[PDB]
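One-letter residues, chain by chain:
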Amino acid sequence: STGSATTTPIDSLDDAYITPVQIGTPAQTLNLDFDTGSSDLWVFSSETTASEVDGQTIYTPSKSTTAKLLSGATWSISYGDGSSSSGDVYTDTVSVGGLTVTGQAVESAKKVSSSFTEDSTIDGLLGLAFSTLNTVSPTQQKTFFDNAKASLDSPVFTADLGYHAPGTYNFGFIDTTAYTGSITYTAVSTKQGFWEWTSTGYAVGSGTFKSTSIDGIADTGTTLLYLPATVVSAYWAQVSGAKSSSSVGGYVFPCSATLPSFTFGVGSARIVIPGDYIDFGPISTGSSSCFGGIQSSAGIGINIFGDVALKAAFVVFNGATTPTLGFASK
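What counts and what doesn't
Residues numbered from 1 in each chain as written, not as in the entry; some residues may be left out. Heavy atoms only, no water. Residues with missing side-chain atoms left out of burial classes, pairs and counts. Disulfide = S-S within 2.5 Å. UniProt positions renumbered as here; feature names shortened; annotations may be inferred. Helix = DSSP H or I, 4+ residues; strand = E, 2+ residues; numbered from the N terminus. Buried < 20%, exposed > 50% of the residue type's maximum accessible area, 1.4 Å probe, protein only. Salt bridge = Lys/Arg side-chain N within 4 Å of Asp/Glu carboxyl O. Core = buried A, V, L, I, M, F, W, Y, C linked by side-chain atoms within 4.5 Å. Pairing = 2+ DSSP bridges.

As recorded in the PDB header, X-ray crystallography is the method behind this entry, and the stated resolution is 1.3790 Å.

Quick look at the structure:
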């Protein structure tokens, strides 16, 4: 089997991407944030504290003839951005782009933090990291991908995120028309539960490539590119007037600037992030100070190849017995 679904930016900055997901019988379609940096499929629901729901579409398990309470199961998650959610668990039928899993754990939110409530466009998350990170207790649950894997034509999914445009998540096949050149594959460590890999280096603009190992995670659920302070300083030094602002919480730059590209290494291959992808617009409405899309990972504890980086590539998440990651230009 295979699946193919379009993923759409939630706003003009590509702050996140939502993908429609069918849950239950009859189908209830919710727009979920596909997150290769976590492993829970959780939704706004009829059980979510009413004051914490503001415009989201909710899953109502009592209206699904295939929903079953997973007795005794609870979940609770905190994300790197400080947001959180928790609740109980149902199993139900879940379909993405024509690919159907029966008995998928659907984690129903009883509580969500303010940042979720405040984002009316995201109805929940669909985790695509390794199932070892799933938070369901006392019986850990499998991700949608893990459940689908054996049925897929090939045990892979691909992320093709657009810049200020829709893109595609495919399951079970590699669309050879979706990228240019060849796909370069690189080793993955699953020791922390993430799609963790090592970039071979970087360049700023038309500058020379610096060969250096950068361990990080491929994370579709993180907006920006978070890299070591040395790398980030080298990037922003090429932008007149750019500075790290402790008050704003990262590098800012004059909105009048033209940003250089940023290249990262995948083996001997190179992925080029155009400068425009690194512009996240005014820090507040009407400001001439703009927020940068490359930020320091210092104090995160891990480097994160988030959407800024991934949307410059066609990315293969290869869930073979020994997983790997593939990157192609597009």
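From this point, things continue past the structure.
Colleague: Looking at this structure, how should I read the UniProt feature "disulfide bond" in the protein chain?
Modeller: In this model the sulfur atoms of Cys255 and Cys290, a pair UniProt annotates as disulfide-bonded, sit 2.1 Å apart, close enough for the bond to be present. Taken as a pair, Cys255 in the loop between β16 (250-254) and β17 (262-266) and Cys290 in strand β20 (residues 289-292) lie far apart in primary sequence, 35 residues in all. The exposure class assigned to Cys290 is buried, which follows from its relative accessible area of 3%.

Colleague: I'm lost on the pattern of salt bridges in this one. Help?
Modeller: Should their charged atoms come close, side chains of opposite charge can pair. Scanning the model with the defined rule gives two salt bridges in all. A salt bridge links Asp160 to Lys330; the nearest nitrogen and oxygen atoms lie 2.8 Å apart. Taken together, the positions of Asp160 in strand β9 (residues 156-160) and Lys330 in the segment after β24 (324-328) put the pair 170 residues apart, joining distant regions of the chain.

Colleague: What should I look at first to understand the nonpolar core in this one?
Modeller: Across soluble globular proteins, nonpolar side chains show a tendency to be buried alongside one another. Core analysis: the largest hydrophobic core is formed by 71 residues, its most contacted members being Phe171, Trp236, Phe262, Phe264, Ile273 and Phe327. Residue contributions to this core peak at four residues, all from helix α3 (residues 229-236).

Colleague: Teacher, can you tell me more about the pairing of β17 here?
Modeller: With five of five residues buried, β17 is to be regarded as a mostly interior element. Side chains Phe262, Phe264 and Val266 project from β17 onto one buried face, and the interleaved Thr263 and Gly265 project onto a second face that is buried too. The pairing of strand β12 (residues 196-204) with β17 spans three bridges and is antiparallel. Opposite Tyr202, over in β17, you have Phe264 as the bridge partner. Pairing geometry for β17 and strand β18 (residues 269-273), over five bridges, is antiparallel. Bridge pairing in β18 links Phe262 to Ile273. Adjacent in sequence and paired antiparallel, β17 and β18 are bridged by two residues, among which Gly267 carries a positive phi angle near 55°.

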